[PDB]
Enquirer: 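One structure, as structure tokens, below. Some questions next.
Whatever order the structure lists them in is the order used to number ligands and atoms, beginning at 1. As a basis for the values below, the full set of heavy atoms in this structure was taken, side chains included, without hydrogen atoms, waters or symmetry mates. In this chain, residues are counted from 1 in sequence order.
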Amino acid sequence: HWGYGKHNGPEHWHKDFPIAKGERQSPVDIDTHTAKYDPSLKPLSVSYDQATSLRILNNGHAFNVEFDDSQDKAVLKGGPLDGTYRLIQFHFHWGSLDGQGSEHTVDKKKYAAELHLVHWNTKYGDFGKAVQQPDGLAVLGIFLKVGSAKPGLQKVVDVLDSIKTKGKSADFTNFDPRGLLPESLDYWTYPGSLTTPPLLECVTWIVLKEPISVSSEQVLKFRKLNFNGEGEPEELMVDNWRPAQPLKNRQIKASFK
Ligand SMILES: Nc1ncnc2c1ncn2CC(=O)NCCc1ccc(S(N)(=O)=O)cc1
Ligand SMILES: [Zn+2]
């Protein structure tokens with residue numbers, strides 16, 4: 001099965017998922033001088049006040065905080081998007097060292113980790129239909145740098161002990177994802193894909209310019225998670241990121257100058 005090791009990592013994925021070499025793969029490097037300011041872009045509308053978190057799961061590749069997406073409770077609208085996109089889950093990708101871990105890069109700079117808030121287009125009825133559509137998903141990406149602690153992240157950090165290994169889950173209600181956002185909603189946007197198998201080309205990427213800061217202690221606790229299941233040889237869950245892919249026939253647009 002696919003993973004992030006020497007023998008099953010990103011350089012191998014194309015053999016089972018040929019779209020890995022496709023025309024709109026993610027992540028990409030964001031070249032800040034060649035992204036174009038687009039004044040037609042509308043401001044992002046992040047409406048998370050009625051968010052209903054349910055559960056946190058270690059799925060063997062990252063951990064997901066899952067939300068009730070059976071009504072319009074936590075939605076993303078505006079920006080490049082047409083329609084309403086519902087929040088279904090968020091997760092992170094991170095490194096073994098503070099100098100790496102993000103999937104997107106900015107002028108080839110790597111951040112310590114990257115947060116993905118995953119949303120799907122309600123006109124397609126459910127998430128499984130949406131991933132089959134070129135405008136099915138909107139993923140809001142937020143860079144993490146190491147510095148001061150992020151208070152809104154600590155509730156996540158404190159439950160990781162209970163989901164150390166693949167397949168473990170825990171109740172995770174009443175979490176407010178607004179605590180994970182930076183001050184500014186300035187962003188870059190481009191059409192891309194899921195960054196793990198099945199690598200489907202269904203995502204409008206919205207990557208915020210402003211990183212959030214997290215503490216050394218917070219990211220260290222990410223790195224104590226396990227890729228393996230309970231009773232299997234311990235392999236630390238680190239460096240679960242795909243590197244930058246060719247931009248091909250795409251232009252990255254900026255909401256700001
Ligand atoms: N009908 C279908 N066919 C095939 N698979 C289906 C499916 N229904 C569900 N699934 C699983 C799937 O696709 N899950 C995608 C999970 C995911 C990966 C990466 C990101 S990320 N890193 O891009 O944010 C965000 C989300
Ligand atoms: Zn992701």
Enquirer: From the options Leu117, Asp126, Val131, select the one whose nearest heavy atom is closest to atom 6 (C) of ligand 1.
Expert: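 Going through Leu117, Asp126, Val131 one by one, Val131 has the nearest heavy atom to atom 6 (C) of ligand 1.
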Enquirer: Given a threshold of 2.8 Å, state how many protein N/O/S atoms are nearer than that to the Zn ion (ligand 2).
Expert: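 N, O or S atoms of the protein closer than 2.8 Å: 3.
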Enquirer: Tell me which protein heavy atom sits closest to atom 15 (C) of ligand 1, plus the residue, atom name and distance to 0.1 Å.
Expert: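 Minimum-distance protein heavy atom for atom 15 (C) of ligand 1 reads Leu194 CD1, 3.8 Å.
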Enquirer: Would you say atom 11 (C) of ligand 1 has a protein heavy atom nearer than 4.0 Å?
Expert: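 No, no protein heavy atom sits under 4.0 Å from atom 11 (C) of ligand 1.
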Enquirer: Partners of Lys248 by salt bridge (charged side-chain N to carboxylate O under 4.0 Å, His left out), sequence neighbours excluded?
Expert: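 For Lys248 the salt bridge (charged side-chain N to carboxylate O under 4.0 Å, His left out) partners, ignoring immediate neighbours, are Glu23.
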Enquirer: How does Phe90 reach ligand 1, if at all, at less than 4.0 Å between non-hydrogen atoms: by side chain, backbone, both, or neither?
Expert: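 It is neither part, as no heavy atom is under 4.0 Å.
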Enquirer: Considering only heavy atoms, does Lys129 approach ligand 1 within less than 4.0 Å through its side chain, its backbone, both, or neither?
Expert: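 Looking at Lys129 and ligand 1, no heavy atom falls under 4.0 Å.
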Enquirer: Which is closest to atom 1 (N) of ligand 1 by heavy-atom distance: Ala130, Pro197, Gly128?
Expert: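 Of the listed residues, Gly128 has the closest heavy atom.
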Enquirer: Going by heavy-atom distance to atom 18 (C) of ligand 1, choose the closest among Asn64, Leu200, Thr196.
Expert: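 Looking at heavy atoms only, the winner is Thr196.
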Enquirer: Which atom pair, heavy atoms only, marks the closest approach of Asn226 to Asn58?
Expert: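 Where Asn226 meets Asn58 most closely, the heavy atoms are O-ND2, 3.3 Å.
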Enquirer: Please verify whether a non-hydrogen atom of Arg242 lies at under 4.0 Å from ligand 1.
Expert: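 It does not, in that no heavy atom of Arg242 comes within the 4.0 Å cut-off of ligand 1.
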Enquirer: Going by ring pair (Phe, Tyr, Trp, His ring centres under 6.0 Å), name the residues that satisfy it together with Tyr85, two or more places apart in sequence or in a different chain.
Expert: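 Partners of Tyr85 by the ring pair (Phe, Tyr, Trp, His ring centres under 6.0 Å) criterion come out as none, since no residue qualifies.
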Enquirer: Which donor-acceptor pairs under 3.5 Å do the side chains of residues 2-11 make with protein atoms, sequence neighbours left out?
Expert:
{"unit_1": "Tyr4", "atom_1": "OH", "unit_2": "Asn240", "atom_2": "O", "d": "3.4"}
{"unit_1": "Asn8", "atom_1": "OD1", "unit_2": "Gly5", "atom_2": "N", "d": "2.8"}
{"unit_1": "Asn8", "atom_1": "ND2", "unit_2": "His1", "atom_2": "O", "d": "3.2"}

Enquirer: Answer yes or no: is there a donor N or O on one side and an acceptor on the other, between the side chain of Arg24 and the main chain of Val203, under 3.5 Å?
Expert: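 Flag set: sc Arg24 to bb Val203 pair under 3.5 Å.
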Enquirer: With a 4.0 Å cut-off on heavy atoms, is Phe92 in contact with ligand 1?
Expert: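 Flag not set, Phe92 not near ligand 1.
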Enquirer: Salt bridge or not for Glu235 and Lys166, using N-O below 4.0 Å?
Expert: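 Between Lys166 and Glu235 there is no salt bridge, as every charged N stays at least 4.0 Å from the carboxylate O atoms.
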Enquirer: Among protein heavy atoms, which sits nearest to atom 5 (N) of ligand 1, and what does the distance come to when rounded to 0.1 Å?
Expert: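 For atom 5 (N) of ligand 1, the nearest protein heavy atom is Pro198 CG, 3.9 Å.
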Enquirer: Relative to the heavy atoms of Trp205, which atoms of ligand 1 are at a distance of less than 4.0 Å?
Expert: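 Going through ligand 1 atom by atom, the ones under 4.0 Å from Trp205 are 23 (O).
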Enquirer: For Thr195 and ligand 1, does the shortest N/O to N/O distance drop below 3.5 Å?
Expert: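 Yes.
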